[PDB]
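The structure tokens that follow cover one protein chain in two forms, given apart as structure 1 and structure 2.
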Structure 1
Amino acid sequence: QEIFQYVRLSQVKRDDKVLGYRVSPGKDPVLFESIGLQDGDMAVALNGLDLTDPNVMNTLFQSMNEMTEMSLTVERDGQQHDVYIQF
């Protein structure tokens, strides 16, 4: 699957601790806009799992060829909602 078509991510850290990921537009505006992301959203979970747990994320990514969809939880103006990514 090609996450980079949908979104770009950068770390937001306190010292060496990752707090979440800043969202930037992916390669394809149709995907970024149709799923309702906005530049500067803060991504905090993927499929309900904490994005800041690298081993958990590694395991999830190893399975992604079997995935047909994902949810990205983002924080915007102090509120959270889920963004639905269709593969």
Structure 2
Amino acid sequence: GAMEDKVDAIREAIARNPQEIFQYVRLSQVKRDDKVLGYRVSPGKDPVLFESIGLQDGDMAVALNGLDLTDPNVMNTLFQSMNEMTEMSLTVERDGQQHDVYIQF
């Protein structure tokens, strides 16, 4: 009950300031031969949000709100655009299997 309420209070703050999502969901580039495969996703300031979205440790994001995360320049665009979005749809590869996960702010 209290974790759900805490997750709702984080979401509300993200809704008001979407870049705050990056305090909770950390992305770190994965490369193979100098090509970016995507971003390893890990929990940030309070892991409850990362957990609530359906993310697990070791997941690699390959698409985010329709942005192809193999594009070496796309992070520029992601950050420029985040404050304009009201959800995050993520496609992650998890032990070699893709999953779509979702949070509406």
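Throughout, residue numbering runs from 1 along the sequence of structure 1. Here, rigid core means the biggest group of C-alpha atoms that superpose within 1.5 Å across both forms.
- Residue displacement note: residue 10 has its CA displaced by under 2 Å between structure 1 and structure 2 (rigid core superposed).
- Comparing the forms between structure 1 and structure 2, the C-alpha position of residue 35 differs by less than 2 angstroms, with the core used for superposition.
- Relative to the superposed rigid core, residue 56 undergoes a CA displacement of at least 2 Å between structure 1 and structure 2.
- In this core superposition, residue 70 moves its Cα by 1.9 Å between structure 1 and structure 2.
- In the rigid-core superposition between structure 1 and structure 2, residue position residue 26 carries a C-alpha shift of 2.6 Å.
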